[PDB]
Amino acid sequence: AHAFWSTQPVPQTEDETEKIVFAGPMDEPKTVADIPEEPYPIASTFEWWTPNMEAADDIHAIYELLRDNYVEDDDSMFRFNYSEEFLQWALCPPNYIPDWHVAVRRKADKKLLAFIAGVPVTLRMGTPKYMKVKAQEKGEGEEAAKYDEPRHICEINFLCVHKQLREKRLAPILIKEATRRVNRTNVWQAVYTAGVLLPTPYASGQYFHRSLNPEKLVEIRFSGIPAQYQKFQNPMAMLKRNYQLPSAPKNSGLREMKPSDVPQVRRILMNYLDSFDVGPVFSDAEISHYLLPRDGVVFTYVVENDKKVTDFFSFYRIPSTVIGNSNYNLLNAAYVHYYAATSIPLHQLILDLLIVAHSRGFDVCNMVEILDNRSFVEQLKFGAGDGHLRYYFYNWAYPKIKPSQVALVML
């Protein structure tokens, strides 16, 4: 049933994942010297290409491939349209490895046909709390703790095959070449997410949406006006009032994050993230890169009242092309990114996220039920969607965990 995934070092069934007790590698250890030095073979009409993410033009070629051929729902309503500014941000964090950006082009016209990207991440991925308890009970602490140290691994994202080349087994060849390039840098694990079920997730969570511009959403969504608004005389007026937000933030002291905030944001975020079983560790340079505001891409506010930063939140922008509409070309979504609250309740911090996003002309705020996101779903009027984000590791055995034990946000 999986001609490619059956050949890879990943858990092969749900049952296998539910029986794993300790974190650790799937494969026995290899060295960089064991790994082929030459690119994986490809058909003579194609060639491997390493785009330069410094170069505006190479970013633009990747942007167009993804604009026309990236993730689209099963009803062909929406397709993500990550901006060029976003792809530069995502693809070039501190100490990124250019070789981990892997593309296929047609040899004749140099048309870009496929892409996949890896970036570095430092991840806590040792045995989860509930499994460490089971291990202490049985005198197996030392085994359970062996891979507790944060590991410098690869995060994979942006896998894409052009629509004309679908179902030709090109995605496996991109996955193999990316694995080769990562392994030749002495990295042996990756983390990735997908909205589809593959073998085999260690965690899965539903997506949640909070309408910010419900009229637009009703024009473009399959279901809007949501049917349960039909018992009213004016369904649309009741829908608008349901989702209405204040026009200005409520936390006194909220302001945009600035470079001097980096060390305090790093500290409050690290203290919060360290409570979860799977989560990143960020250097000051990675806090600066992923959290300082960047126009049209990432938006980050701190609560500082008395010249001390006690709270912050961030969101990032992913527009989608709206495939079948007269009125609207684009859906402007704000996705909840990292946050930390030490002085106000999390729901009060995130309400100011919604207030800012709405003031800036976003249509919807999205998130997955990771972190403590479930804590404010009902009061802030998020609704579950149809989708699930599934979290995976490559070459890492890991017990099944709840998505409220995952602290890694995927872009």
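Numbers for residues come from their place in the sequence shown, where the first is 1. What we label the rigid core is the largest C-alpha set whose atoms superpose within 1.5 Å from one form to the other.
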- State which stretch is farther from the displayed form on average in 8 other deposited structures of this protein, 302-310 or 115-123, counting RMS CA distance after fitting on the rigid core. 302-310
- Message: Do the Cα atoms of 324-332 or of 166-174 sit farther, on average, from the shown structure in 8 other deposited structures of this protein when the rigid core is superposed?
- Response: 324-332
- Item | Between 221-229 and 151-159 (mean CA B-factor, as deposited), the higher | 221-229
- Query: Higher mean Cα B-factor in the deposited model: 304-312 or 286-294?
  - Reply: 304-312
- Identify, among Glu256, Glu177, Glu215, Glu85, the residue whose C-alpha carries the highest B-factor in the deposited PDB entry. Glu215
- Message: Highest Cα temperature factor in the entry, among the options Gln348, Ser359, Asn52, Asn69: which one is it?
- Response: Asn52
- Using the B-factor values recorded in the entry, state whether the Cα atom of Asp386 falls in the lowest, middle or highest third among the modelled residues of its chain. highest
- Task: Would you check the entry's CA temperature factor for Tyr130 and let me know if it's in the chain's lowest, middle or highest third?
- Result: highest
- Sort the modelled residues of this chain by their C-alpha B factor and say whether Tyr398 lands in the lowest, middle or highest third. middle
- Query: Where does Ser211 sit by CA temperature factor within its chain: lowest, middle or highest third?
  - Reply: middle
- Tertile call for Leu380 (CA temperature factor, within chain, third-based) is the middle
